[PDB]
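# Coordinate analysis (summary)
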Amino acid sequence: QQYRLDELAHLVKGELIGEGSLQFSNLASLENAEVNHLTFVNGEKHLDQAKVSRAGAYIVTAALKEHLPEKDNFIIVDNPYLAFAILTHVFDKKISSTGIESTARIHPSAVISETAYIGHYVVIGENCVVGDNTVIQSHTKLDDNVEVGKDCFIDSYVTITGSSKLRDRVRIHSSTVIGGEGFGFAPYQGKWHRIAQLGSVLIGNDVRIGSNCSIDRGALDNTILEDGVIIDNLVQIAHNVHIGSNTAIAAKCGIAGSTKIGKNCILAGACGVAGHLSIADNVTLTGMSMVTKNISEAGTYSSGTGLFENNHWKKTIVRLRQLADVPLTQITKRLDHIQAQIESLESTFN
Amino acid sequence: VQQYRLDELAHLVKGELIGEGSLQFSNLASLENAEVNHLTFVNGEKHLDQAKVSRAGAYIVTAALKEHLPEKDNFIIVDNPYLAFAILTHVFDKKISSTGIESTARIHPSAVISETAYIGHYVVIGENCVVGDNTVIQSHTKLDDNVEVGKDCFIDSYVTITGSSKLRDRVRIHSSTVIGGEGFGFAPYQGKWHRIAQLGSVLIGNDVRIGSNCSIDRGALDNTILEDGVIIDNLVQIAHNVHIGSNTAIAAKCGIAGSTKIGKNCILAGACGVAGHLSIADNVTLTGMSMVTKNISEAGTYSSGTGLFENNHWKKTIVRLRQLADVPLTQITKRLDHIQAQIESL
Amino acid sequence: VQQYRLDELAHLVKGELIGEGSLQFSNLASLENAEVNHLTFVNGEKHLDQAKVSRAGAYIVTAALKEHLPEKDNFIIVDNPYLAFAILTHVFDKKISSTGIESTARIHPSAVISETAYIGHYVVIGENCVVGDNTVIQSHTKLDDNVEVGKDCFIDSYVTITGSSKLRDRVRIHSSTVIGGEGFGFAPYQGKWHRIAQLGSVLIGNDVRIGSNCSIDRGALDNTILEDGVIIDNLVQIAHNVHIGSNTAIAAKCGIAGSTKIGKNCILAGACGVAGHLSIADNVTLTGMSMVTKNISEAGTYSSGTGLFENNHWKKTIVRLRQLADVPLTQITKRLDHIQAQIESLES
């Protein structure tokens, strides 16, 4: 199946140039796009690859189009990237399948929409709810009192337990565990007394969660992910974590128990955040940041040493292992003082 | 929900009762959300303000902390509120009394399954496997040949236990974990890597917890060993032949490289990385995201990392780090010594 | 149950046999665990204690070490006992004997499965799928539409293969792993994120090993690529459009961000993070927890980290590190120089 240029321009409220009747199989990169492909050009950094590209038509900005005169077909928009983002869904493989496969094992007390798809070997517990147009891909399981709203996607090998409540348009990818028993252990006798985790999880609308994630239920109360939170693969959300709306959590972040992260935060890959902390709205964290105390104000925060060639690096960590011995500041202040008694004596004897 | 008299609850934790012991409670609950029919706890002076504002009917607290709750009537006095609470959470837990073998379970005729075990839908169990008394093996999970699971164990969905792994009693393993999988055994030669097949196993002791999306690899020949009481959080990597001593806790996202020994009662925070062929002594604590590349022979708390900087301050600091190597760092208390010596005479 | 003759075993390792070449063996085992029906080995003198008292029926050894084992009868003599062990592991490695398709599998009729393939219980296989000769697909796994697997592949349980990923030959994918799933594509607009559907796929080359609990995402456009001979340990993130060159090794807990290219024969230690849109040359080694945010264009060895400190010594060092920016460390020797200057230029 194919889509006409003008039909796509319309979807992104973008100005068409050339022939709109042109049909495309797909969107494609500037390098591998044939004439049956639409492509995008995100600022002048892509110009050269664009110029020599064999794509049929080009999503561009007005300024960029002028610099692309050997080409005939365009969609002109303010944000070429966002326009691209919109159009991908046109060409995304959609699931229209409906109903329940007979390999499935659902409790009779469950409410399952007529417009929902329940895949093969799916197991659904007591008083569960699955809303309109939601997909539950094969093998997945919903424990008792798990609710899932409408237009969700739940991929295979997903464990939803601890009575979790999922709102609408929630997308949960494979091998992810939602609302499993969190890491609650009380120290005694040099042994560890397990704590049975008795709260749940509340995931808001428009949340995406990657694969191989663990979003633990609350010890008491709730693990909450507000609306529009996005979470990449291999992330740990510990018990009673609360993530504010529209926050983005990159792959391999870990957030320890009882921790609050504000709205509109951006955490880069492999960040770690200790337990029982508060992180303000509009906080950004670059790669491999470890956070041990509250961040009380908006901004960008970092930790780490960056990359060094091996020899340089070794020289530097020795210099660090020496650093606590070397009185830095004191040395500088003793200089100032020596500078002072020089300054004076040079003018006093003059 | 079923209720309990406050005196029963105090007795179960061997605590002191203050208030009317015939008052019944329906649940535990947080300081924030607790209601008149709930029991809560306060652990440290840091939760006192919250407690003061709490609607909770009764307070698990400490003799000292009780002094600061004048407006509150009902107490259980204990040395450690956390533990007391820990003990009581199981009384209010949704307790799974189910037994039998689901109809969709494929079980080899040589497997021995206790009549008080539960086996979920779509479980697979190989030749010569033992499932012990009161053990729950949830749906879709598989137990390859020669795997053994002791008594009062819990194994969740999408779990793989292969490598003929043996599990003792009260073992708790969470969803989509792989136990006994082939470890990372590869030989370098002339710019190629050559796979070596791994032929040892996994031994898991009594009272071991392992979280979701964990990977506990089998040993190469000898074993990966987790001693009694080890607790492991989500997304942890335990390589081939790693040995972890009793009661050691491993927080989320740690990685232990192959053939590393970890002592008794160690504590590693989240996202630590410990290299291969290392020894770590009993009673070692590692703070979040710490890296270990050498043996640690003495007990204690260790740490790596810069701490957090605001980005712009951070950048200027790494400018300085990159410079550190070129500065004669230790030679300069010596040069200042020399400079002050030639003012001394002047 | 499965047995091999001593002499067959000596042949495989190009070894020389002392004792009876008709004796059969069930397994390889350690000196301490080994029984009469098991073969073991000795590398170096250290382990002759365990060897002497081992119940093993046969001993892969060197000719020098055999002399320190008088009470034993059956040996395979070789140059490197460990290397010989290594070869034989594959012989004793429990391989799926069965062949064909379990009745519980659900397969779209447009799939093409070899008769020598094993398709396990509760496997789901979508449209236009292919499964090559001798390939094992263990129970509970699914191949989504248009996915292909080559010959001699091992594909364990609870694996997702989607984004119509293409797998060449002798590919091993361990349990609970996700191949070709939707990458992390989000366009920022006025605070919110617009999800970007992910339209390309995954190309996995021959002799690739991928561990358990890994995520290798599909391409946004084009393909995420693992070139032939790449090995990846457990719990690793490979983002969209990542391209990993020939025979590169990626240790546990590594994360590689979107559209990064990694050269041939690179080695990455545990818990490395590589940022997006980067190139890393052939022959670059990264030590534990390395932080890459720029292209690495020369082969060599690179690194991040402070070193491990005792906690209190740690606290003292970071306090010092915190004040480092407010310190003209560069001018200190020229300040000491200058200070000693106007000391010398004072006397007259």
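Residues numbered from 1 in each chain as written, not as in the entry; some residues may be left out. Chains lettered and ligands numbered in written order. Heavy atoms only, no water. Residues with missing side-chain atoms left out of burial classes, pairs and counts.

- Per the PDB entry, chain B goes by the name UDP-3-O-acylglucosamine N-acyltransferase and belongs to Acinetobacter baumannii.
- Under the UniProt heading Catalytic activity, the note attached to chain B is "a UDP-3-O-[(3R)-3-hydroxyacyl]-alpha-D-glucosamine + a (3R)-hydroxyacyl-[ACP] = a UDP-2-N,3-O-bis[(3R)-3-hydroxyacyl]-alpha-D-glucosamine + holo-[ACP] + H(+)".
- The record in UniProt for chain B states the following under Sequence similarities: "Belongs to the transferase hexapeptide repeat family. LpxD subfamily." (UniProt positions renumbered as here; feature names shortened; annotations may be inferred.)

- Going by what the PDB entry lists, chain A is known as UDP-3-O-acylglucosamine N-acyltransferase and is assigned to Acinetobacter baumannii.
- UniProt, in the comment section headed Catalytic activity, describes chain A in these words: "a UDP-3-O-[(3R)-3-hydroxyacyl]-alpha-D-glucosamine + a (3R)-hydroxyacyl-[ACP] = a UDP-2-N,3-O-bis[(3R)-3-hydroxyacyl]-alpha-D-glucosamine + holo-[ACP] + H(+)".
- Listed in UniProt under the heading Pathway, the comment for chain A reads: "Bacterial outer membrane biogenesis; LPS lipid A biosynthesis."

### Some points on the interface of chain C and chain A
- Of the residues lining the interface, 66 residues belong to chain C; the matching set on chain A comes to 71 residues.
- Residue assignment for the side of chain C that touches chain A shows that the elements contributing at least two residues are β22 (186–189), β23 (192–195), β26 (215–217), β38 (291–292), β39 (300–303), α5 (311–323) and α6 (332–344) of chain C.
- Top element by residues in the side of chain C that touches chain A is α5(C). It accounts for 7 residues.
- Of the residues belonging to the side of chain C that touches chain A, the class tally is 30 nonpolar, 25 polar and 11 charged.
- One ladder, built from 2 bridges, connects strand β40 (residues 308–309) of chain A with β39(C); its direction is antiparallel. Bridging from a neighbouring strand, A:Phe308 pairs with C:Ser303 of β39(C). (Contact = heavy atoms within 4.5 Å. Helix = DSSP H or I, 4+ residues; strand = E, 2+ residues; numbered from the N terminus. Nonpolar A, V, L, I, M, F, W, Y, C, P; charged D, E, K, R; others polar. Pairing = 2+ DSSP bridges.)

### Description of the pattern of salt bridges
- This model, assessed by the stated rule, comprises 25 salt bridges over all chains.
- For A:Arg171, the salt bridge identified is with C:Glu182, shortest N-O distance 3.9 Å. Taken together, the positions of A:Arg171 in strand β20 (residues 171–172) and C:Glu182 in the loop between β21 (178–181) and β22 put the pair across two chains.
- Assessed through its relative accessible area of 18%, A:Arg171 is described here as buried.
- For C:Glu182, a relative accessible area of 9% gives the class buried.
- Among the salt bridges present, the one from B:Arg172 reaches A:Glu181, with a minimum N-O distance of 3.8 Å. One end of the pair, B:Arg172, is in strand β20 (residues 172–173); the other, A:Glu181, is in the loop between β21 (177–178) and β22 (185–188), on a second chain.
- Each of B:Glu182, B:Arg195, B:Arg218, C:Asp93 and C:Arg172 takes part in salt bridges that share partners, so that together they form one network. (Salt bridge = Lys/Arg side-chain N within 4 Å of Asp/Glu carboxyl O. Buried < 20%, exposed > 50% of the residue type's maximum accessible area, 1.4 Å probe, protein only.)

### Thoughts on the interface of chain C and chain B
- Opposite the 69 residues of chain C that make contact, chain B presents 68 residues.
- Elements supplying a minimum of two residues to the side of chain C that touches chain B: β4 (27–28), α4 (81–92), β28 (231–232), β31 (249–250), β40 (309–310), α5 and α6 of chain C.
- Top element by residues in the side of chain C that touches chain B is α4(C). It accounts for 6 residues.
- Residue classes in the side of chain C that touches chain B are distributed as 31 nonpolar, 27 polar and 11 charged.
- Pairing between strand β39 (residues 300–303) of chain B and β40(C): 2 bridges, direction antiparallel. Residue pairing for β40(C): B:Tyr302 is matched across the bridge by C:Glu310.

### As for the packing of aromatic side chains
- The tally for this structure, following the rule as stated, stands at 21 aromatic pairs over all chains.
- Summarising the aromatic geometry, the rings of A:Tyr121 and C:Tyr122 are spaced 5.0 Å apart at their centres and angled 65° between planes, so their arrangement reads as edge-to-face. Taken together, the residues span two chains, with A:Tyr121 in the loop between β11 (117–118) and β12 (123–124) and C:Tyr122 in the loop between β11 (118–119) and β12 (124–125).
- When its relative accessible area of 2% is taken as the criterion, C:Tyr122 is described as buried.
- Taking 6.2 Å as the distance between ring centres and 70° as the angle between the ring planes, the aromatic pair formed by B:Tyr158 and C:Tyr158 counts as edge-to-face. Of this pair, B:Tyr158 sits in the loop between β17 (154–155) and β18 (160–161) while C:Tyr158 sits in the loop between β17 (154–155) and β18 (160–161), on two different chains.
- By relative accessible area, which is 0% here, B:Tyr158 ends up buried.
- Using a relative accessible area of 1% as the deciding quantity, one classes C:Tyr158 as buried.
- Taken together, the ring pairs connect A:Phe40, A:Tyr81 and A:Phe84 into an aromatic cluster.
- Here the basic side chain of A:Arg321 rests over the ring of C:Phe309, its NZ or CZ set 4.5 Å away from the ring centre. (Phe/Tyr/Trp six-rings, centres within 6.5 Å; stacked < 30°, edge-to-face > 60°. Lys NZ or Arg CZ within 6 Å of the ring centre and 35° of its normal.)

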